[PDB]
**Student:** 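Got a structure for you, written out below as structure tokens; questions coming shortly.
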There are 2 protein chains.
Amino acid sequence: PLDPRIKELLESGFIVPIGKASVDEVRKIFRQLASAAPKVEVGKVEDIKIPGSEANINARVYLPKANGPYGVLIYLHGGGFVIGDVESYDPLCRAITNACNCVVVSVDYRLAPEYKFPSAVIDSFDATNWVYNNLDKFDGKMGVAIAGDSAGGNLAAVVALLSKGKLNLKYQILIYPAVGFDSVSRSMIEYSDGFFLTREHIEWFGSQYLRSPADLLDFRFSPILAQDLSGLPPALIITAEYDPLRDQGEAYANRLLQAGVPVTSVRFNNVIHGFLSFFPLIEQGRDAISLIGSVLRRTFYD
Amino acid sequence: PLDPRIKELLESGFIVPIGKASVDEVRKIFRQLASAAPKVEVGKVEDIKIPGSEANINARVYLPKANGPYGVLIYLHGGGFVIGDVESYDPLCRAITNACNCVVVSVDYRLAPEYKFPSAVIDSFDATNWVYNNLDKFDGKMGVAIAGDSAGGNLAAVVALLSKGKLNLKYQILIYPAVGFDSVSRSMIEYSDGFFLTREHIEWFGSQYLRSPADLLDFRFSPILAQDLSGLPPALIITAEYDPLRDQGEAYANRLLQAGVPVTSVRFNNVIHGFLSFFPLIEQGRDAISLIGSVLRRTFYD
């Protein structure tokens, strides 16, 4: 069953009312919930402007206290391609930074509904590509990995695919990712209601981001439909037990493993989707952050 | 499915013949297998004698290269209460030392069939107690945690029970633990044969360690039967997806959570029982080691 602490939490109305409130109202509510986390002190934090193919892309750069040279992690936030942003993700990104002793670049990719698919993907790629061609700006001799949660994990996985034969990414980290259309998994059926992320939420997000049903079959939304998953970066995939998106995350893990990509797939029991964003209330989140950090420390510094 | 690497490895043959050879033969084979893992260099390493209630208990003490003061980890090796020892677990204990920047004290508890239940339990408890009362010998200001894998996870869990009211342990880490008797769980049935640890191995070990079937209900062999799990130290429980012991480990995590004890329960997917001992071969082992390390670092230092 659910961790009791998390049942107490849900029963007291901890929620983001996706599809029952306006886009701005839900952005504000998620900002508030995620700002409740403290911000660990790190090194220098600057905001930058990345010259994208279609837009001028804001990113926030976190350096650790540790001296360089560094590995660089591109971090793509979750929020269903509609909510979240650099500011709301700042506590988590700080915490990853201090756990990985690496440079984190949190990308403010363009959001729906104002910008539809595949805009978020194109921004996430263009930022990855640019950061990779400008490591000198970040003291990034040890290379670049990519990470994200919810939609961000989607964008991370898609970026890695798009990067095959163009970029040598060290590593990809998929935190409870969405990896494609799913009307059948057991996790989607059984945890469709009452575990914070709902089937209605997933449907609502797609109503805002996708342009037509044809986009459901496009690999830049459903990476699990990609034709060839071979030679992608090695992966850490984290999954939650009580999460409609569980079974798909684990499917993607298995498919990567089947195409010879090394994957470590970890299911965090007793917890819900999005638990890293609420690490102060859900201790297991701290442990996931620790996993992420110490895996990146190995692959960047031997 | 199984990570393809672990499937090729099991089809190759990768076996300790627990059913079939003599006690000395399987001990010698398990020793062969386990020290094809590299010994990472840590600080000073010495062998000590711990004055137990029934015996002098050998232990190896590993200091990290980092400066103190330290937390201290009591480590209790697996091997079905019959195989394994300090020497076989040396590479793993070194790996943990390095990941935790903490002192590790690996205990050579008495083994079955020469010393039956509850001899292992007693030695593991006496060692824990002695370390806890002699922390000045380890520059151990930051406290004591306890950890173990297979039977060692059983013993670590039990020592934590036995220590309620007596010892303030900071943390327990149970790595694919045996938590009692299980004739019935899906994982036990489904992964009885073909996944390295088999049902026949479990029966055989049981037959060497326990004195009569009454021992099966004794909380010092089946901690999940304990009358009151509340007030135990916070826990990290690691399980393996393709392990007959998986379901019982996750049950213990659930039953601890239900008693108010904080638990991070984490299932490593695609792997088998014992995977940490084989980290050179099973990369996920290295990531589990990092998790353990980073969790101990937060608990002790800060």
Side-chain angles (χ1 to χ4, degrees), chain A residues 1-8 40 95 98-101 171 173 234-241 246-247 249-271 275 279 282-299 302, chain B residues 1-8 40 95 98-101 171 173 234-241 246-247 249-271 275 279 282-299 302:
Chain A
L2 224 24
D3 181 339
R5 280 139 268 250
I6 303 176
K7 210 176 98 195
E8 230 108 53
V40 301
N98 158 283
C100 72
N101 285 332
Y171 212 86
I173 299 182
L236 176 58
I237 297 173
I238 289 163
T239 246
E241 185 184 5
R246 189 184 73 196
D247 284 356
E250 297 179 13
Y252 196 73
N254 275 300
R255 281 257 167 74
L256 289 178
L257 284 170
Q258 187 183 225
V261 176
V263 186
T264 287
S265 173
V266 171
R267 180 196 281 193
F268 278 70
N269 298 320
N270 321 114
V271 302
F275 74 105
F279 66 83
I282 299 183
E283 164 90 358
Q284 296 88 334
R286 293 179 187 281
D287 299 334
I289 290 158
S290 286
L291 183 60
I292 290 165
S294 64
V295 164
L296 284 166
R297 283 190 207 190
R298 290 213 329 283
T299 110
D302 286 40
Chain B
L2 234 17
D3 176 333
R5 290 155 191 79
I6 297 166
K7 158 148 283 194
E8 272 107 61
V40 67
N98 212 81
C100 72
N101 285 334
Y171 214 89
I173 300 184
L236 181 62
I237 299 167
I238 290 167
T239 59
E241 180 177 2
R246 185 188 75 195
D247 289 356
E250 293 173 11
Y252 198 65
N254 279 304
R255 170 125 209 284
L256 291 179
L257 283 164
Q258 186 200 202
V261 176
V263 181
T264 291
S265 177
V266 148
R267 175 194 287 180
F268 284 60
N269 285 326
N270 317 112
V271 304
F275 72 101
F279 62 92
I282 300 175
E283 175 82 3
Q284 293 93 326
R286 298 173 180 282
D287 297 327
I289 287 159
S290 291
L291 177 55
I292 292 169
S294 38
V295 163
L296 287 170
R297 285 187 197 194
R298 291 204 340 274
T299 297
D302 226 44

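Residue numbers start from 1 in every chain, and the chains themselves are labelled A, B, ... in the order their sequence lines are given, proteins ahead of strands. The analysis underlying the following values was restricted to heavy atoms, covering all of them including side chains, and did not include hydrogens, waters or symmetry mates.
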**Student:** Please round to the nearest 0.5 Å and tell me the distance separating atom CG of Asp287(B) and atom OG of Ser265(A).
**Tutor:** 11.0 Å

**Student:** Would you indicate whether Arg255(A), at its atom CZ, is surrounded by more than 12 heavy atoms from other residues, nucleotides or ligands within a distance under 6.0 Å?
**Tutor:** no

**Student:** Roughly how far apart are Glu283(A) CD and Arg298(B) CZ, rounded to 0.5 Å?
**Tutor:**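 Taking CD in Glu283(A) and CZ in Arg298(B), the distance rounds to 5.0 Å.
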
**Student:** Working to the nearest 0.5 Å, report the span between CG of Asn269(B) and OG1 of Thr239(A).
**Tutor:**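 With rounding to 0.5 Å, CG (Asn269(B)) is 7.5 Å from OG1 (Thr239(A)).
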
**Student:** Under 4.5 Å from any heavy atom of chain A, what part of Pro4(B) do you find: side chain, backbone, both or neither?
**Tutor:**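 Side chain only.
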
**Student:** Pick one of side chain, backbone, both or neither for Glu241(B), based on which atoms fall under 4.5 Å of a heavy atom in chain A.
**Tutor:**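 Interface part for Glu241(B): neither.
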
**Student:** Between atom CZ of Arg286(A) and atom OG1 of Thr264(B), what is the distance when rounded to the nearest 0.5 Å?
**Tutor:** 11.0 Å

**Student:** State the CZ-CG distance between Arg5(B) and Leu257(A), to the nearest 0.5 angstrom.
**Tutor:** 6.5 Å

**Student:** Relative to chain A, which segment of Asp3(B) carries a heavy atom at a distance below 4.5 Å: side chain, backbone, both, or neither?
**Tutor:**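 Contact with chain A: backbone and side chain both.
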
**Student:** Distance from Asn270(A) atom CG to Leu256(B) atom CG, nearest 0.5 Å?
**Tutor:**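 The CG atom of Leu256(B) is 10.5 Å from CG of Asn270(A), to the nearest 0.5 Å.
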
**Student:** Could you tell me whether the side chain of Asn254(B) reaches within less than 4.5 Å of the side chain of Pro1(A), counting heavy atoms only?
**Tutor:**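 Heavy-atom side-chain distance check passes, below 4.5 Å.
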
**Student:** What option among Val261(B), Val271(B), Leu236(B) has the most heavy-atom pairs under 4.5 Å with chain A?
**Tutor:**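 Between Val261(B), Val271(B), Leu236(B), the count favours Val261(B).
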
